[PDB]
Amino acid sequence: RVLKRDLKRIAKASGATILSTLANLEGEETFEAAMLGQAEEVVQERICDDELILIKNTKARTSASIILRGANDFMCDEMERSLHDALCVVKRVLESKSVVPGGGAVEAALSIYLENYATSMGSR
Amino acid sequence: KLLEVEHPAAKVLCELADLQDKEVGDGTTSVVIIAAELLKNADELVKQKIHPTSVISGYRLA
Amino acid sequence: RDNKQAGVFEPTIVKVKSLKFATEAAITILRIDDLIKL
Amino acid sequence: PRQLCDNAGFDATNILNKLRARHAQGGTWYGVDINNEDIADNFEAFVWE
Amino acid sequence: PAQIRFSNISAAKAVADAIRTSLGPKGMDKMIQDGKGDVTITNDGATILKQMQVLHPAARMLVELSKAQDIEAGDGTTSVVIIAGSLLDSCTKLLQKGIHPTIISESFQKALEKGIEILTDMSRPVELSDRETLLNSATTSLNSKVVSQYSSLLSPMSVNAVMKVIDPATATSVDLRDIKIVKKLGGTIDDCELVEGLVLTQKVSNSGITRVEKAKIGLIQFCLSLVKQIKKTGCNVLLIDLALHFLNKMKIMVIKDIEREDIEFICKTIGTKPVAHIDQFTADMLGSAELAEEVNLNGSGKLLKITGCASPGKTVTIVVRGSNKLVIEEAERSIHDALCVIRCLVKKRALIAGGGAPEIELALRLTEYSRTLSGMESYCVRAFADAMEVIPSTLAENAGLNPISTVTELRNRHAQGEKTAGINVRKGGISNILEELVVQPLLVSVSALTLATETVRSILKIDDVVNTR
Ligand SMILES: Nc1ncnc2c1ncn2[C@@H]1O[C@H](COP(=O)(O)OP(=O)(O)OP(=O)(O)O)[C@@H](O)[C@H]1O
Ligand SMILES: Nc1ncnc2c1ncn2[C@@H]1O[C@H](COP(=O)(O)OP(=O)(O)OP(=O)(O)O)[C@@H](O)[C@H]1O
């Protein structure tokens, strides 16, 4: 009873292929050495109220997980959207190959240089 | 996207939202406040006996 | 405050294309000198 | 210097844009000329106050 | 009669007051709103006057005046409307003093014939056989148009096209009907192909061979909706689902869905004629060709390349590719503007400067000829010279300078110098026009003077209007 969207990140982790049907159009085969990946260690860690399954050192995943252990559902649901909002701030900066200090620092510095440049040209 | 003003001057600023998300994906309303204040300062130049041809060629070098 | 200490950073392509698109939009409206309706 | 170009019939924007460019280079005594339609050093031309 | 004379002038003055701001490359843009509520943003003066929807007959004659310049020259549409309206402005001051319009009409013809010989001696003659002078003059006017980065490549495509149809320095009149430009989606303008025969953008679907050597083409007009009499002459290419099966058994290429405007183009390439019926369809109405196939190019698509006409006829065709559909429709007009500018030199092998340059010497020398004349030729010809200064006065307005002080400084430059001085709209100032590479042919100015004078003579000859049912 594993979710479908969770399995798309698992098959992308170990580099395995998702098999929709086991029947190979005339019989039944398991497609050996095709739908299998590689890993190192899978431990069933004792986490309170949900015993989770962690995977370590897959083929090409680069992803992780943050276990937001708390007290109730009020503080855990608000902290999950806080982690998602803080993820996209650091993500959108460290993509594009160079950055600039913004938030009013760009236009305030341009208001002084372009005025001194305006007095250097003339000609209407 | 939901603002519908039936005016051709306001219809010009509708298409720059489509050129902003397809280029980078962010920035959209910072283009609008800059370009409208660009038009308001240039409108004061028209009353000060300046032709807009010097305003257009001066804006591309700025 | 200093943006280097606070870590407030913006990409360059959102700052370059904003000044590029806003002046080309201000050019097109400033080139309008006559109105024709049908 | 703007109303001095308006009352003399000169181009008020063509002189004042070249007058501020002359002051930006280091000209401290450059102003408008009532005879010629260009800028000139008023200290050298004996236009004093 | 004065209520109808001033009504024709003030209606024509309102037309010239709108189109004058779109003069030059730095002209002001316009906002056109049709009756259905849409908006269109464009600055072409021939496009604005088509969507003006005027109702006065004096304003409707300026619409026919705008189309009269594009058929003989193909360049300078908005330059004719400004001098036509400003001439009636100077005629309004003459009509207040008590002059009959039939004296101003004959005096404007003497100002026209004197205006031709002034522009003749001040022009620079060029050689038609030299393709280098034809290349730089064509890429000069194309730099101010929409397609400006491909002007150095599209200009030799128009030079080599006219040299295959028109013999150099022998023919005067060039018809622009027998030339065709095709366009397809995908590809680039950098790759070009000059086909001496014909090209169609249709397909050979569903004939599954698409390659025929030793081909004779017969244009069929009777719609097949019979095949043995086609095979009686041995025809292999036909030009127009149950009819598809029998034609494939007879091994004949089937190409259909052809516009009637393209039918006349096939009549001059190979020498074939459209048939009327099957019993009339014989071997006397067909042609001969050595190649007829569909080449699947990477950018040009599936085009029909037919070469080897071996018949009398002067046709050549240019294959143009390009990425966007809005680019290739402007690229077709880019070569068409290059096709028309070579047509201006084959009738008048001369060049003049641009940017308000020849209008200064046209206004100064006609004033000196008006000082020696008498009668009404001392006032109306002097008013003809005063209305020739509206072109540099409007070009100084669109350049961002003073409209009075630029033309006044140009009049002193032409009094001691020549036609080199003028207004440069790229740098925004008075400079040598021949050094900044801005040239125009002779017929863009000498026919704009002729058509605007004939319109004013047609306007001043109208005394009263009458309704008819
Ligand atoms: N961390 C920050 N600190 C201070 N100011 C910020 C910060 N992030 C963004 N800003 C400011 O907020 C503005 C962004 O406004 P907002 O996000 O409401 O619309 P927008 O993104 O400009 O619209 P669009 O999506 O078209 O570009 C920017 O002009 C920027 O100066
Ligand atoms: N490179 C240039 N520099 C200065 N003036 C120019 C230049 N090119 C054209 N002009 C001026 O612009 C006028 C033509 O105006 P415009 O370009 O708006 O119409 P057009 O495109 O020539 O119309 P058409 O192509 O139908 O003749 C000419 O009279 C000419 O004097």
# chains A, B, ... in the order shown; residues from 1 in each chain; ligands from 1
>>> residues_around(residues="residue 322 (chain E)", least_positions_apart="5", cutoff="10 Å", atoms="only C-alpha atoms", output="VMD selection string")
chain E and resid 183 to 191 299 to 300 327 to 329 331
>>> interface_residues(of="chain A", to="chain B", cutoff="10 Å", atoms="only C-alpha atoms", output="VMD selection string")
chain A and resid 96 114 to 115 117 to 118 123 to 124
>>> write_last_selection(atoms="C-alpha atoms", output="compact mmCIF listing (two decimals), in the first residue's frame")
# COMPACT_ATOMS: atom_id res chain seq x y z
CA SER A 96 21.19 31.77 -11.67
CA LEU A 114 22.96 57.77 -13.74
CA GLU A 115 22.66 61.37 -12.56
CA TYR A 117 26.38 60.11 -16.13
CA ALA A 118 23.64 62.50 -17.30
CA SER A 123 23.09 67.04 -26.27
CA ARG A 124 19.38 67.38 -25.33
>>> residues_around(residues="residue 37 (chain C)", least_positions_apart="2", cutoff="6 Å", atoms="only C-alpha atoms", output="mmCIF file with N, CA, C and O atoms, in the first residue's frame")
data_model
loop_
_atom_site.group_PDB
_atom_site.id
_atom_site.type_symbol
_atom_site.label_atom_id
_atom_site.label_comp_id
_atom_site.auth_asym_id
_atom_site.auth_seq_id
_atom_site.Cartn_x
_atom_site.Cartn_y
_atom_site.Cartn_z
ATOM 1 N N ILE E 32 -4.699 52.993 -34.114
ATOM 2 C CA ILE E 32 -5.859 52.875 -34.989
ATOM 3 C C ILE E 32 -6.860 51.929 -34.341
ATOM 4 O O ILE E 32 -6.525 50.779 -34.025
ATOM 5 N N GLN E 33 -8.083 52.408 -34.142
ATOM 6 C CA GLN E 33 -9.167 51.610 -33.581
ATOM 7 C C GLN E 33 -10.278 51.490 -34.615
ATOM 8 O O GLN E 33 -10.841 52.503 -35.044
ATOM 9 N N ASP E 34 -10.594 50.260 -35.010
ATOM 10 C CA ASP E 34 -11.653 50.047 -35.982
ATOM 11 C C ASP E 34 -13.024 50.090 -35.309
ATOM 12 O O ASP E 34 -13.148 50.307 -34.098
#
>>> residues_near_ligand(ligand="ligand 1", cutoff="7 Å", atoms="only C-alpha atoms and all ligand atoms", output="list in words")
residues 102, 103 and 104 of chain A; 17, 20, 26, 27, 28, 29, 30 and 31 of chain B; 8 of chain C
>>> interface_residues(of="chain C", to="chain A", cutoff="8 Å", atoms="only C-alpha atoms", output="list in words")
residues 3, 4, 8, 9, 10, 11, 12 and 13 of chain C
>>> residues_near_ligand(ligand="ligand 2", cutoff="8 Å", atoms="only C-alpha atoms and all ligand atoms", output="mmCIF file with N, CA, C and O atoms, in the first residue's frame")
data_model
loop_
_atom_site.group_PDB
_atom_site.id
_atom_site.type_symbol
_atom_site.label_atom_id
_atom_site.label_comp_id
_atom_site.auth_asym_id
_atom_site.auth_seq_id
_atom_site.Cartn_x
_atom_site.Cartn_y
_atom_site.Cartn_z
ATOM 1 N N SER E 22 4.252 60.612 -38.983
ATOM 2 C CA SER E 22 4.853 59.321 -39.289
ATOM 3 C C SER E 22 5.970 59.415 -40.324
ATOM 4 O O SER E 22 6.305 58.403 -40.951
ATOM 5 N N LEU E 23 6.551 60.597 -40.516
ATOM 6 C CA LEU E 23 7.576 60.790 -41.530
ATOM 7 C C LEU E 23 8.944 60.387 -40.994
ATOM 8 O O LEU E 23 9.317 60.758 -39.877
ATOM 9 N N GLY E 24 9.687 59.624 -41.792
ATOM 10 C CA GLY E 24 11.032 59.236 -41.442
ATOM 11 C C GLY E 24 11.084 57.989 -40.584
ATOM 12 O O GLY E 24 10.055 57.453 -40.164
ATOM 13 N N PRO E 25 12.295 57.491 -40.321
ATOM 14 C CA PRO E 25 12.423 56.323 -39.432
ATOM 15 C C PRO E 25 12.139 56.649 -37.977
ATOM 16 O O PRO E 25 11.732 55.759 -37.219
ATOM 17 N N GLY E 27 9.729 58.541 -36.923
ATOM 18 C CA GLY E 27 8.394 59.099 -36.881
ATOM 19 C C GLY E 27 7.569 58.556 -35.730
ATOM 20 O O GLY E 27 7.826 57.486 -35.176
ATOM 21 N N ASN E 43 2.747 52.025 -37.897
ATOM 22 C CA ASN E 43 3.179 53.363 -38.274
ATOM 23 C C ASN E 43 3.370 53.557 -39.773
ATOM 24 O O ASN E 43 3.870 54.611 -40.181
ATOM 25 N N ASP E 44 2.998 52.583 -40.599
ATOM 26 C CA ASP E 44 3.141 52.723 -42.045
ATOM 27 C C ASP E 44 2.075 53.669 -42.581
ATOM 28 O O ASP E 44 0.886 53.504 -42.285
ATOM 29 N N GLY E 45 2.500 54.655 -43.375
ATOM 30 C CA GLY E 45 1.575 55.682 -43.832
ATOM 31 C C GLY E 45 0.581 55.179 -44.863
ATOM 32 O O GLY E 45 -0.526 55.709 -44.979
ATOM 33 N N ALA E 46 0.959 54.152 -45.628
ATOM 34 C CA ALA E 46 0.020 53.557 -46.572
ATOM 35 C C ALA E 46 -1.019 52.709 -45.848
ATOM 36 O O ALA E 46 -2.134 52.520 -46.347
ATOM 37 N N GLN E 69 1.657 56.205 -55.989
ATOM 38 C CA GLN E 69 3.109 56.251 -55.836
ATOM 39 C C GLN E 69 3.697 54.854 -55.703
ATOM 40 O O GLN E 69 4.848 54.618 -56.086
ATOM 41 N N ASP E 70 2.917 53.907 -55.172
ATOM 42 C CA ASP E 70 3.442 52.567 -54.926
ATOM 43 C C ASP E 70 3.502 51.732 -56.200
ATOM 44 O O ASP E 70 4.233 50.737 -56.248
ATOM 45 N N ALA E 73 6.746 53.605 -58.320
ATOM 46 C CA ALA E 73 8.007 53.663 -57.589
ATOM 47 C C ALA E 73 8.097 52.634 -56.472
ATOM 48 O O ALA E 73 9.133 51.979 -56.325
ATOM 49 N N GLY E 74 7.039 52.477 -55.681
ATOM 50 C CA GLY E 74 7.066 51.556 -54.564
ATOM 51 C C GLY E 74 7.764 52.069 -53.329
ATOM 52 O O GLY E 74 8.040 51.278 -52.419
ATOM 53 N N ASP E 75 8.061 53.364 -53.261
ATOM 54 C CA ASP E 75 8.755 53.940 -52.115
ATOM 55 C C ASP E 75 8.258 55.359 -51.897
ATOM 56 O O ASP E 75 7.952 56.064 -52.864
ATOM 57 N N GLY E 76 8.166 55.768 -50.635
ATOM 58 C CA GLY E 76 7.808 57.136 -50.312
ATOM 59 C C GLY E 76 6.334 57.444 -50.469
ATOM 60 O O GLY E 76 5.954 58.278 -51.293
ATOM 61 N N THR E 77 5.493 56.778 -49.677
ATOM 62 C CA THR E 77 4.055 57.018 -49.754
ATOM 63 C C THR E 77 3.661 58.260 -48.966
ATOM 64 O O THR E 77 2.900 59.104 -49.455
ATOM 65 N N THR E 78 4.184 58.401 -47.745
ATOM 66 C CA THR E 78 3.776 59.507 -46.883
ATOM 67 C C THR E 78 4.420 60.824 -47.287
ATOM 68 O O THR E 78 3.988 61.887 -46.827
ATOM 69 N N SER E 79 5.451 60.786 -48.137
ATOM 70 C CA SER E 79 6.094 62.026 -48.565
ATOM 71 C C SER E 79 5.238 62.786 -49.570
ATOM 72 O O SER E 79 5.413 63.997 -49.743
ATOM 73 N N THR E 140 20.661 50.335 -48.452
ATOM 74 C CA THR E 140 20.555 51.599 -47.732
ATOM 75 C C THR E 140 19.121 51.869 -47.294
ATOM 76 O O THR E 140 18.872 52.214 -46.132
ATOM 77 N N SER E 141 18.162 51.706 -48.207
ATOM 78 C CA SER E 141 16.763 51.938 -47.863
ATOM 79 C C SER E 141 16.207 50.807 -47.006
ATOM 80 O O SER E 141 15.223 50.998 -46.281
ATOM 81 N N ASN E 143 17.704 49.423 -44.503
ATOM 82 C CA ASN E 143 18.137 49.542 -43.114
ATOM 83 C C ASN E 143 17.137 50.335 -42.280
ATOM 84 O O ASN E 143 17.136 50.230 -41.050
ATOM 85 N N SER E 144 16.285 51.131 -42.927
ATOM 86 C CA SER E 144 15.256 51.888 -42.225
ATOM 87 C C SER E 144 13.933 51.140 -42.126
ATOM 88 O O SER E 144 13.013 51.628 -41.463
ATOM 89 N N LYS E 145 13.817 49.975 -42.762
ATOM 90 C CA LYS E 145 12.578 49.211 -42.764
ATOM 91 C C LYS E 145 12.551 48.265 -41.563
ATOM 92 O O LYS E 145 13.346 48.387 -40.627
ATOM 93 N N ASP E 337 10.630 45.623 -51.475
ATOM 94 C CA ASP E 337 11.164 46.977 -51.412
ATOM 95 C C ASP E 337 12.527 47.063 -52.089
ATOM 96 O O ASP E 337 12.919 48.126 -52.579
ATOM 97 N N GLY E 354 19.243 62.041 -49.272
ATOM 98 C CA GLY E 354 17.993 61.976 -48.565
ATOM 99 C C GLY E 354 18.012 62.741 -47.258
ATOM 100 O O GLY E 354 18.975 63.446 -46.925
ATOM 101 N N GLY E 355 16.926 62.600 -46.502
ATOM 102 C CA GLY E 355 16.817 63.275 -45.221
ATOM 103 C C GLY E 355 16.597 64.766 -45.326
ATOM 104 O O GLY E 355 17.228 65.534 -44.592
ATOM 105 N N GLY E 356 15.720 65.201 -46.227
ATOM 106 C CA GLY E 356 15.480 66.615 -46.423
ATOM 107 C C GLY E 356 16.552 67.343 -47.196
ATOM 108 O O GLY E 356 16.527 68.576 -47.246
ATOM 109 N N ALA E 357 17.500 66.619 -47.796
ATOM 110 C CA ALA E 357 18.583 67.262 -48.540
ATOM 111 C C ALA E 357 18.149 67.892 -49.868
ATOM 112 O O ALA E 357 18.478 69.070 -50.093
ATOM 113 N N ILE E 391 8.950 69.407 -45.831
ATOM 114 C CA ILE E 391 9.586 68.101 -45.648
ATOM 115 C C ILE E 391 10.808 68.204 -44.725
ATOM 116 O O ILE E 391 10.903 67.382 -43.799
ATOM 117 N N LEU E 395 10.914 66.722 -40.877
ATOM 118 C CA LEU E 395 11.998 65.801 -40.556
ATOM 119 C C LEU E 395 12.837 66.321 -39.396
ATOM 120 O O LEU E 395 13.429 65.535 -38.645
ATOM 121 N N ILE E 423 19.728 66.571 -42.907
ATOM 122 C CA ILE E 423 19.396 66.121 -41.562
ATOM 123 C C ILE E 423 19.635 64.619 -41.467
ATOM 124 O O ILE E 423 19.119 63.844 -42.283
ATOM 125 N N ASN E 424 20.415 64.211 -40.471
ATOM 126 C CA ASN E 424 20.702 62.802 -40.203
ATOM 127 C C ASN E 424 19.875 62.389 -38.989
ATOM 128 O O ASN E 424 20.098 62.879 -37.879
ATOM 129 N N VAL E 425 18.916 61.484 -39.204
ATOM 130 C CA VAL E 425 17.994 61.121 -38.131
ATOM 131 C C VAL E 425 18.594 60.059 -37.219
ATOM 132 O O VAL E 425 18.068 59.802 -36.130
ATOM 133 N N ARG E 426 19.696 59.429 -37.632
ATOM 134 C CA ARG E 426 20.313 58.402 -36.798
ATOM 135 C C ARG E 426 21.113 59.027 -35.661
ATOM 136 O O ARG E 426 20.974 58.633 -34.498
ATOM 137 N N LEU E 437 25.808 57.462 -45.328
ATOM 138 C CA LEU E 437 25.231 56.418 -46.190
ATOM 139 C C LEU E 437 23.701 56.423 -46.160
ATOM 140 O O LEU E 437 23.062 55.477 -45.696
ATOM 141 N N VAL E 438 23.115 57.516 -46.643
ATOM 142 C CA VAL E 438 21.672 57.627 -46.849
ATOM 143 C C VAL E 438 21.467 58.140 -48.268
ATOM 144 O O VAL E 438 21.830 59.282 -48.579
ATOM 145 N N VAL E 439 20.902 57.297 -49.133
ATOM 146 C CA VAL E 439 20.670 57.652 -50.530
ATOM 147 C C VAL E 439 19.239 57.286 -50.893
ATOM 148 O O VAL E 439 18.603 56.455 -50.237
ATOM 149 N N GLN E 440 18.732 57.917 -51.944
ATOM 150 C CA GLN E 440 17.419 57.640 -52.497
ATOM 151 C C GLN E 440 17.498 57.764 -54.009
ATOM 152 O O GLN E 440 18.296 58.552 -54.530
ATOM 153 N N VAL E 444 11.789 58.569 -56.777
ATOM 154 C CA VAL E 444 11.058 58.750 -55.526
ATOM 155 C C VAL E 444 10.806 60.237 -55.270
ATOM 156 O O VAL E 444 9.924 60.608 -54.488
#
>>> interface_residues(of="chain E", to="chain D", cutoff="10 Å", atoms="only C-alpha atoms", output="list in words")
residues 401, 402 and 405 of chain E
